[PDB]
Amino acid sequence: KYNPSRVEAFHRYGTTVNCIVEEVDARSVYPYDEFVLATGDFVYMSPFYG
Amino acid sequence: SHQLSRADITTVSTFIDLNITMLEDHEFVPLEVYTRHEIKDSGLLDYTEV
């Protein structure tokens, strides 16, 4: 994590961008109009949309 | 006149046949429509795993 260098008595903002690629299990139940990921994030779209 | 073996003479049954056959041993295998794990996995998300 990037955090700002020290300066005296100053508020400093530091940005860290960590690109992450994670292979997860995704699961869907009938009527298969949405599916979740292993991260508990919902995707409101049919797995089969194409 | 002469001797005869018993099997040489036609034999008529004075007995009433009652044919009782034992109810055979039967084994009941562990059968479940859904196992415990299945039902656990049926949830779209598991809070513990997430």
# chains A, B, ... in the order shown; residues from 1 in each chain; ligands from 1
>>> closest_atom_pairs(of="chain B", to="chain A", cutoff="9 Å", atoms="only C-alpha atoms", output="CSV")
residue,atom,partner,partner_atom,distance
B:42,CA,A:29,CA,8.7
B:43,CA,A:29,CA,8.9
B:44,CA,A:27,CA,6.5
B:45,CA,A:40,CA,6.5
B:46,CA,A:40,CA,8.2
B:47,CA,A:40,CA,8.1
B:49,CA,A:38,CA,8.0
B:50,CA,A:39,CA,5.7
>>> atom_distance(atom1="atom CA of residue B:37", atom2="atom CA of residue A:47")
24.2 Å
>>> atom_distance(atom1="atom CA of residue B:35", atom2="atom CA of residue A:25")
21.2 Å
